[PDB]
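Only one structure is covered here, and it is reproduced in the block below.
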Amino acid sequence: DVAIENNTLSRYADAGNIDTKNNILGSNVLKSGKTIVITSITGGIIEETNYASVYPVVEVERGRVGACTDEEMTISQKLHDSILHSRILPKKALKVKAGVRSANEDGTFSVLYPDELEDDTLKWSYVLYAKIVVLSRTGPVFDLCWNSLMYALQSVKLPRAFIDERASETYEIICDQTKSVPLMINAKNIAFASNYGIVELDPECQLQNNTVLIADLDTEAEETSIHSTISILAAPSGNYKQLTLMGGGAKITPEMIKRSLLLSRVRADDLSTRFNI
Amino acid sequence: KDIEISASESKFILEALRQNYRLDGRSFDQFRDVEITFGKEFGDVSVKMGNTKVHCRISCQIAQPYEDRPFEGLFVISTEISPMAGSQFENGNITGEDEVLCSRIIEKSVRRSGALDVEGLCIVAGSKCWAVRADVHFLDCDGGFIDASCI
Amino acid sequence: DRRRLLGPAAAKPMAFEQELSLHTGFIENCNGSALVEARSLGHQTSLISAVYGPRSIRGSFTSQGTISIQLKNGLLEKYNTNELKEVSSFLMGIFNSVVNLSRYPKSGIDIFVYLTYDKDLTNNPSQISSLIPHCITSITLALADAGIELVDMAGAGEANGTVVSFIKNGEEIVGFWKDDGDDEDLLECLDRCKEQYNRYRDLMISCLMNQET
Amino acid sequence: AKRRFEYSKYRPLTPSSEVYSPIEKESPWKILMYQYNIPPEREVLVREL
Amino acid sequence: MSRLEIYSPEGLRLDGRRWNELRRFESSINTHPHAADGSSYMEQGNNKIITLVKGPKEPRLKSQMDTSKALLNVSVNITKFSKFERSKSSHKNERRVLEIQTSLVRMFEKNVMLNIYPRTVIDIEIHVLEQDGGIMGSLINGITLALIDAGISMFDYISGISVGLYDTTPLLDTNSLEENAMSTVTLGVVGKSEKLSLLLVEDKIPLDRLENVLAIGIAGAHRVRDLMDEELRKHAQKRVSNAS
Amino acid sequence: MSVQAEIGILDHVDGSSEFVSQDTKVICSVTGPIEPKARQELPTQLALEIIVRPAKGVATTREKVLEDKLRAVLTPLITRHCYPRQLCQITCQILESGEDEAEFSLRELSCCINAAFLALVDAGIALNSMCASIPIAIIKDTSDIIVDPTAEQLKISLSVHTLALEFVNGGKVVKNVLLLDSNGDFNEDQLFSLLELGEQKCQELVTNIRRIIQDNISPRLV
Amino acid sequence: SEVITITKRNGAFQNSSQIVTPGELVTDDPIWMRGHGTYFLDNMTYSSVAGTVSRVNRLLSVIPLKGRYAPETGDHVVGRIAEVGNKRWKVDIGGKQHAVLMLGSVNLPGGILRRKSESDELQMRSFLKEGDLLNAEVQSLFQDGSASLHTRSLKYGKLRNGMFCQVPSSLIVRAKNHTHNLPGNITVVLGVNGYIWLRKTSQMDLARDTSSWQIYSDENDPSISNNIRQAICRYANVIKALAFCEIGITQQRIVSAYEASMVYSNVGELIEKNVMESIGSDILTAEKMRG
Amino acid sequence: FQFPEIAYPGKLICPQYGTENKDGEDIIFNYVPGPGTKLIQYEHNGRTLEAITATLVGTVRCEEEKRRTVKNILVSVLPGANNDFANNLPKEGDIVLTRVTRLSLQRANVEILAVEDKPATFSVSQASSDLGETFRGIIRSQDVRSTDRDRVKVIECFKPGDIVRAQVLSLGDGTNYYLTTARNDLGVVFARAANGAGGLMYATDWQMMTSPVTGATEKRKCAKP
Amino acid sequence: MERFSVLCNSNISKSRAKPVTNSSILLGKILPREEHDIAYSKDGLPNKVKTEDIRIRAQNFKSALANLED
Amino acid sequence: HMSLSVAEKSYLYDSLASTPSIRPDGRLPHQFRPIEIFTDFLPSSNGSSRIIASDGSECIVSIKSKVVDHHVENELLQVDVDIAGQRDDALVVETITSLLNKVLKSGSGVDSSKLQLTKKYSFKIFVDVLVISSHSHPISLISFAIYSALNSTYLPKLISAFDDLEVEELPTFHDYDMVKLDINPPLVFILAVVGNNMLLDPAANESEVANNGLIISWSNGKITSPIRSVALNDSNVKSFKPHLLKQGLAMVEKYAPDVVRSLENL
């Protein structure tokens with residue numbers, strides 16, 4: 001079962017009272033079973049002189065100090081590669097529409113921005129930094145991190161930027177502490193994660209008065225002994241973003257791939273429904 | 001990991017050097033012939049000295065120069081060793097005695113010496129500069145790594 | 001960086017009634033865990049404490065246990081790493097009196113405290129001091145939940161930047177943290193934090209009874 | 001060349017090389033008691049022999 | 001804003017010295033008795049170096065232990081306040097520094113038999129308090145003095161020197177300005193011999209110059225070696241007088 | 001499918017190879033079985049140290065994924081229980097991408113799988129079976145399934161695929177699918193048409209591979 | 001200087017028979033046998049260290065001015081256990097290497113009555129534990145020069161009922177005995193290695209001048225008077241004072257300094273430099289006019 | 001009834017000593033600390049005092065264990081799925097399930113997984129097997145079997161990965177515990193053919209282990225059900 | 001013991017059996033949440049399971065693994 | 001740092017925990033050990049000091065200056081702590097670094113007015129600490145050295161006008177001439193708690209057996225923050241009665257001026 005809490009850690013959590021200190025653009029808390037996932041989205045302003053992605057920093061807590069494990073390295077890249085290849089975030093959606101700030105001599109403070117100019121252009125660009133914390137891990141956790149990141153990306157607000165008259169001394173370019181616009185991403189490309197496994201069990205079963213497949217791998221027992229696995233990122237439109245297959249313990253029949261596609265599609269329907277409500 | 005050499009080898013090679021002889025049948029002042037092969041792309045070069053095989057790849061990308069040097073571009077040389085050249089080398093061991101020496105020899109021979117015109121790597125002063133990178137790949141080892149790398 | 005994905009290095013970051021909620025034993029990855037949420041006025045703090053141990057150290061000849069505490073930034077990057085180490089050193093100076101070390105020879109207890117969030121509202125025409133009593137509350141709960149023997153319940157309070165931790169029903173002190181604020185608040189802060197201690201203590205004891213039940 | 005011979009029994013065990021003793025003397029009966037694994041009840045007998 | 005030259009027609013340099021003058025040398029033994037087995041405080045010009053020799057002693061990890069020879073370690077701490085302009089970052093991991101540390105080790109591995117202290121470790125800690133040219137040569141002299149103070153056996157002295165070259169003639173013992181102005185050669189000299197433990201050239205140097213530059217350095221290093229013997233012997237005489 | 005490979009090119013390694021498909025050139029080396037580090041030791045099985053080096057720049061998280069997928073293929077191939085408490089170092093140095101590395105890593109992964117297998121063969125390490133990997137892509141308008149696509153074809157692709165199968169019985173029986181890495185979106189009819197034509201060209205490749213192996217190695221034997 | 005004595009100095013980092021120099025030649029007589037501190041090439045004999053030339057018979061050597069203490073066979077040393085491994089301890093003595101001990105080189109509680117057990121080698125930590133101090137005699141020497149210790153005596157064993165302090169090993173020489181009884185009912189143990197143990201005088205010491213189950217107990221004497229404790233502190237300070245003046249520590253020197261230090265009311269007055277220097281100076285001059 | 005049934009960590013239960021009046025004679029109740037309790041020192045008004053204090057949150061249970069009478073009461077605290085069980089630690093005489101990590105010629109080292117309780121039930125020691133934090137133990141060649149203690153072929157007794165039920169003679173050093181499979185109920189319990197590559201094998205003879213699946217037979221040291 | 005009474009008694013009295021109010025601002029509801037499961041029927045619609053029922057699945061397996069020897 | 005046996009530690013506790021407390025040395029509960037201080041030996045820096053303890057503990061402090069815009073540079077005094085042969089990252093290093101920076105904040109225990117040059121520019125002070133050797137908590141050792149260094153520091157003198165809002169002249173400094181940095185550096189005292197006794201300047205062996213410890217700052221003739229309780233060791237740490245805390249503050253409050261008086265000599 002999956003239960004989430006979106007926009008709880010963001011600065012845009014409350015409409016009336018906005019956090020002046022918090023720099024989180026979008027957030028998501030997720031817990032599937034025992035494993036808990038906490039995603040926070042931050043940003044940056046970059047000058048610019050087809051689709052892009054975000055830069056995730058996953059921290060899986062196992063209770064050991066030291067550098068980043070090979071797990072955290074691969075996941076950070078796998079999240080970055082999948083988003084980049086699933087075409088979720090276009091480079092045009094990250095374009096910064098700036099503005100101007102003209103100040104009266106204590107008479108007034110004026111800020112002006114134009115919608116029309118940006119459409120004509122159709123130029124600072126936004127960059128989305130992500131950090132994903134994982135608590136209480138119990139198995140393959142890439143899917144959990146992906147789903148939490150997807151829900152977090154569904155709700156991201158990009159604050160507008162502007163500069164008070166300045167000369168190319170030191171000049172500080174600033175964003176607005178209030179005004180912001182919602183991030184526009186392709187919902188048609190939005191996918192969700194799920195894992196599957198293939199194994200054979202010898203043991204006989206008693207009776208009282210041919211391959212088998214397991215969905216959503218958890219527990220050490222399944223992660224350790226099941227060497228034939230399938231990973232899917234599926235979309236509600238029914239377009240599929242990616243597919244991970246590796247058989248190391250048993251043969252992978254085409255009939256099992258089809259079930260996974262059906263299983264993955266069903267998961268996408270379930271996840272999609274949750275987002276709507 | 002420490003390589004094992006027989007006492008018999010250590011006595012044989014040492015005695016052979018006193019008789020002006022060596023295993024690969026060379027002289028004392030002789031340098032093994034160097035073979036240079038260029039790839040399809042520019043900056044792709046393969047240097048071979050006997051069994052010693054090294055490969056270098058030159059690349060560059062638009063970057064911004066340091067505040068201290070607004071007229072100079074960026075230039076770095078990478079020589080990370082790998083177990084491919086032999087199991088004697090630890091993967092990513094960039095602090096070992098021989099590794100740091102080799103890294104410093106190349107740097108003082110190319111970087112510090114100003115073999116490359118870093119001033120000509122500047123596009124717009126204090127704003128945009130080219131960043132040339134020299135990546136050396138030690139494919140296999142039969143000695144002479146420093147000589148192979150400089151070439 | 002070849003370890004993580006820091007993105008473009010030529011870019012720049014963004015430039016612009018006491019209430020308690022206690023929950024323990026919600027993490028199956030460690031031996032003991034705790035969740036502490038406090039909301040006062042416009043200021044609220046939520047942190048998670050994870051305990052791993054006691055686990056045997058090979059070759060260790062120590063006749064007692066060894067405690068290690070580390071604070072982490074869960075979301076908002078506010079507190080300096082240098083300051084996090086300072087509090088950690090302060091926290092370990094407290095629980096080394098609280099934890100019965102004689103029970104775990106040749107062993108070590110690692111304590112991870114994740115400061116996932118703190119929300120600060122400041123009006124316009126120290127800082128980490130207020131979080132300290134909540135960190136002590138979280139750890140003492142996580143240790144007691146883990147099964148680690150504690151000589152007494154550790155608790156604290158924050159009064160005008162002056163933090164002081166109590167055990168044995170406020171009769172003695174296991175930690176003292178004073179930054180800035182004002183002088184001659186010695187007697188006052190000791191009395192105000194003692195009330196916060198007793199309040200935090202009973203809720204901590206009730207917490208274990210509830211979840212344990 | 002220096003070392004001097006003396007009867008073994010009188011001297012307390014000595015670290016120094018110069019002192020020489022024909023036999024070690026702490027538990028001569030007992031040393032050999034360990035070897036044949038002789039019980040301490042027979043110990044009195046063993047010492048006499 | 002200013003400008004400056006190197007060598008004037010009057011035979012004078014930017015600091016006032018002539019072509020062949022050693023800077024002020026002060027040497028100091030047994031400066032940190034309660035911190036190390038051997039210690040030396042070096043003052044060669046404005047250069048200020050603390051050198052500590054800790055050992056031979058038990059290794060902290062049995063994994064790193066040689067049963068045939070002692071383990072020799074050297075760590076150079078170039079402080080952030082060594083120069084006029086304080087460096088923001090630490091210099092410890094810097095590839096330039098790793099090469100220096102490596103270089104120094106290679107030098108003294110052949111100068112101490114290091115066969116008479118098996119299953120031990122010799123740790124050499126160095127702190128550079130102030131820097132003003134020829135820091136490598138000063139590092140060499142500091143280690144040699146400190147090692148001797150520790151009563152650690154070695155075959156001979158190793159004296160370090162700095163060489164500055166302009167036009168036809170090199171300048172002995174270069175400071176930072178001269179080092180900035182012209183290429184320098186750092187020489188490691190063993191005892192009173194002509195044998196070099198360390199030959200270090202990091203900038204461009206005409207090939208004609210080196211033979212003569214080496215000749216100047218070796219002669220100057222001999223003077224430095226003589227001074228060091230005087231420095232320790234003189235101290236001993238002074239210490240004996242103090243005792244009396 | 002006009003690939004070209006050489007075996008035993010490195011001197012200071014137990015086994016090595018150089019696989020080339022189109023532009024994509026990868027050189028691989030294998031040392032083992034040898035003494036493992038304590039943190040690498042496996043009580044009963046062989047420990048694999050897998051390293052992937054990029055053609056340009058240093059190894060990043062990208063190559064960390066190439067190492068992971070390459071691990072999924074090589075692990076079940078090797079009879080690991082023959083070497084308990086032992087290590088096998090496997091290093092891949094990609095010499096030429098043969099593709100836009102900023103967008104794809106398809107051809108580099110397949111070439112690494114084929115090269116690693118060849119290096120394992122050269123090193124004389126116990127293998128349960130044989131293996132071959134090919135890159136596949138799908139066109140934007142034509143939607144055709146192109147096996148071994150060029151770099152230019154990848155630019156205009158809708159999906160990219162890495163397929164590595166496990167073969168037994170003289171390279172005629174597909175024991176299992178070691179790795180299938182599909183990025184993009186799919187239709188069922190295209191997939192099986194791809195698998196049918198793909199199996200044919202793979203079988204032709206093994207036959208060619210067998211020829212190459214015999215021709216080079218036979219002069220060495222007696 | 002009522003609370004703290006702070007000596008200050010400005011503009012300076014710090015304050016203040018043939019001659020021997022490096023590269024120096026000692027002799028050119030090839031008949032000589034070259035010893036420590038020297039090295040040779042044909043007829044020439046050179047010095048390897050800074051020190052004084054020593055000629056004993058035909059053996060030419062150079063005695064260094066400084067260096068590590070060296071273990072001679074039969075020395076009475078005091079050491080603190082560094083590590084416990086296998087069937088031995090490695091005990092810090094203060095040399096180049098840790099002291100070596102063999103389970104068969106120590107004496108078990110109950111002794112002769114006691115029977116050999118194979119569980120002793122697995123329970124060595126119940127006898128000697130890291131940090132413990134003890135008396136020991138250098139039984140033998142290893143090839144490199146390391147020492148093998150033994151405590152096969154009532155005289156040797158675990159130390160208690162006192163306090164530890166150390167002086168440079170050069171200030172303590174070999175003697176007939178290193179355990180001494182002093183006024184104030186305290187006993188000193190002057191290890192040749194420079195490690196010194198000051199404790200309350202036990203019955204053992206008294207017997208010499210004229211329970212085997214608790215020879216490894218960490219417990220001290222439950223009844224130790226303040227007068228003994230304040231005596232230990234005083235003996236400690238005067239020993240440090242003798243060490244500060246490079247004065248060789250002997251039993252006569254210690255007691256002499258202890259009684260001479262009685263001039264100063266508070267014991268803490270003995271930690272100041274001028275007090276230490278004068279106390280040592282008074283001892284040398286006392287030996288002058290008495291000699 | 002005098003002492004609270006359930007005590008949280010830090011709650012006072014009962015003083016050091018106790019006594020009551022019955023049958024015209026004083027009965028002395030001696031309170032001794034147990035699992036979950038810790039005898040500590042508390043002073044009030046300048047007065048020193050020792051009392052039994054619980055260290056774990058649990059219900060409290062007492063049990064008697066051993067002219068003028070004489071008594072001894074054991075005071076302890078029991079918690080009250082997830083199981084931790086730290087108090088449980090390998091001690092001389094206990095039975096322990098282990099797994100073979102490596103085989104040498106003169107001995108066989110393993111790692112401790114679970115420990116048998118006392119009246120079957122076991123106490124599982126949770127630790128990371130890919131780190132080395134797990135307790136390691138060593139089974140000597142002389143401790144393999146009582147039959148022919150001198151010459152024993154270790155290859156024909158144990159095998160890497162095989163599960164071995166043994167009894168610990170002594171703690172040994174920090175590295176290795178001492179393990180003996182001399183008796184009948186001790187030996188290889190669970191094992192597979194070819195170091196775990198084949199199928200499951202079962203114990204028939206004490207010195208022979210067979211597999212009723214592939215018909216494979218490997219020589220092991222088997223125990224008795 | 002009487003000293004115990006005055007101090008012990010005083011200590012016992014102080015707590016006052018004060019009432020406790022339960023709330024979670026954000027994290028508390030989601031983190032301590034026990035494990036849950038759902039099943040997708042042929043309709044494709046998710047289906048919930050009773051908490052008691054889920055446990056029953058656990059206790060039934062334990063009896064079928066222990067007692068039901070073959 | 002120091003390693004002691006169980007027997008030695010108990011004896012030390014008996015010696016020091018006694019009602020008439022006796023130092024193993026023989027000191028009184030307020031007596032410091034003799035120290036030596038050197039100043040003005042680094043000409044390259046604006047100020048410098050070197051403190052030597054009786055146990056060989058040695059610390060070197062350097063003071064360097066830099067002109068900064070105080071409108072963008074919040075902290076005008078940065079303390080940096082280091083130890084050769086020691087990693088920078090270590091818990092002890094960062095804690096002391098964080099602590100010292102609070103002790104010498106711009107608007108807490110330091111007259112930052114004396115660092116101001118113009119309306120827009122001020123002097124940033126870099127206090128670099130180098131601990132060569134130490135056998136106990138070096139916080140008080142470093143504090144004495146920083147004090148001595150800051151009281152012998154000389155900064156460049158400004159020439160140009162001090163109104164950047166209007167005329168906006170580039171900051172220029174007259175050659176040769178310099179102005180002594182008039183400032184009041186705070187001191188950091190460390191205490192040891194053994195039983196019910198409080199000791200000033202805890203020795204190594206004393207700290208090992210101590211039940212607890214206190215870090216109390218001192219400025220302008222009064223107690224000031226940061227005030228921190230600290231575990232000198234980790235094997236014998238116990239809670240302490242509040243009266244001990246008040247005793248410690250009182251103890252510092254009466255013996256500090258004596259220390260400052262012996263330290264204020266130019």
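Going through the structure tokens in order, the chains are called A, B, and so on, while each chain numbers its residues from 1 and the ligands are numbered from 1 in the order shown.
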
Residue list for chain C near chain H as a VMD selection string, 7 Å, only C-alpha atoms | chain C and resid 56 to 59 147 149 to 153 212 to 213

Close residues, residue J:54 itself excluded, 8 Å, only C-alpha atoms, min 4 positions apart in chain, as a list in words | residues 33, 34 and 35 of chain J

Quick one: everything within 9 Å of residue F:51, counting only C-alpha atoms, minus sequence neighbours fewer than 2 positions away in the same chain. Send it as a list in words.
-> residues 82, 83 and 91 of chain B; 49, 53, 63, 64, 66, 67, 89, 90, 91, 92 and 93 of chain F

Can you pull out every residue within 9 Å of residue B:135, counting only C-alpha atoms, but drop anything in the same chain fewer than 3 positions away, and send it as a PyMOL selection string?
-> (chain B and resi 55-59+76-80) or (chain F and resi 55-58)

Do you know which residues are at most 9 Å from residue F:42 counting only C-alpha atoms, after dropping those on the same chain fewer than 5 positions away, and could you put them as a ChimeraX atom specification?
-> /F:36,47,84-87 /H:101,130

Expressed in Å, the length from atom CA of residue J:127 to atom CA of residue J:227 is 20.8 Å

Could you please tell me, as JSON, numbers by chain, which residues of chain G have an atom within 10 Å of chain D when using only C-alpha atoms?
-> {"G": [72, 73, 74, 75, 112, 113, 114, 115, 116, 137, 138, 139, 140, 149, 150, 152, 153]}

Check: which chain J residues lie within 12 Å of chain A using only C-alpha atoms, as a PDB file with N, CA and C atoms, in the first residue's frame:
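Writing the result to iface.pdb gives the following:
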ATOM      1  N   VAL J  68      37.191  44.366   3.682  1.00  0.00           N
ATOM      2  CA  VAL J  68      35.966  43.783   3.155  1.00  0.00           C
ATOM      3  C   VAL J  68      34.806  44.768   3.226  1.00  0.00           C
ATOM      4  N   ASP J  69      33.767  44.496   2.445  1.00  0.00           N
ATOM      5  CA  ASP J  69      32.536  45.267   2.510  1.00  0.00           C
ATOM      6  C   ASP J  69      31.659  44.692   3.620  1.00  0.00           C
ATOM      7  N   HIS J  71      28.830  45.275   4.450  1.00  0.00           N
ATOM      8  CA  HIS J  71      27.431  45.153   4.065  1.00  0.00           C
ATOM      9  C   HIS J  71      27.133  43.759   3.517  1.00  0.00           C
ATOM     10  N   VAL J  72      28.167  43.079   3.035  1.00  0.00           N
ATOM     11  CA  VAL J  72      28.009  41.731   2.495  1.00  0.00           C
ATOM     12  C   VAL J  72      28.715  40.682   3.358  1.00  0.00           C
ATOM     13  N   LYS J 120      31.541  52.102   4.235  1.00  0.00           N
ATOM     14  CA  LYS J 120      31.304  50.889   3.447  1.00  0.00           C
ATOM     15  C   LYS J 120      32.311  49.740   3.636  1.00  0.00           C
ATOM     16  N   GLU J 168      32.907  58.503  -2.804  1.00  0.00           N
ATOM     17  CA  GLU J 168      33.268  57.129  -3.154  1.00  0.00           C
ATOM     18  C   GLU J 168      34.727  56.976  -3.589  1.00  0.00           C
ATOM     19  N   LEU J 170      38.437  55.171  -3.542  1.00  0.00           N
ATOM     20  CA  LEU J 170      39.021  53.850  -3.372  1.00  0.00           C
ATOM     21  C   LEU J 170      39.906  53.831  -2.130  1.00  0.00           C
TER      22      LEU J 170
END

Determine, counting only C-alpha atoms, which protein, DNA and RNA residues have an atom within 7 Å of an atom of residue H:188; residues of the same chain fewer than 3 positions away are not included. Present the result as a PyMOL selection string.
-> chain H and resi 162-165+220-223

Could you pull out the helix (DSSP H, G or I) residues of stretch 51-180 of chain H from DSSP and send them as a list in words?
->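 Those in stretch 51-180 of chain H that DSSP calls helix (DSSP H, G or I) are residues 141, 142, 143, 154, 155 and 156 of chain H.
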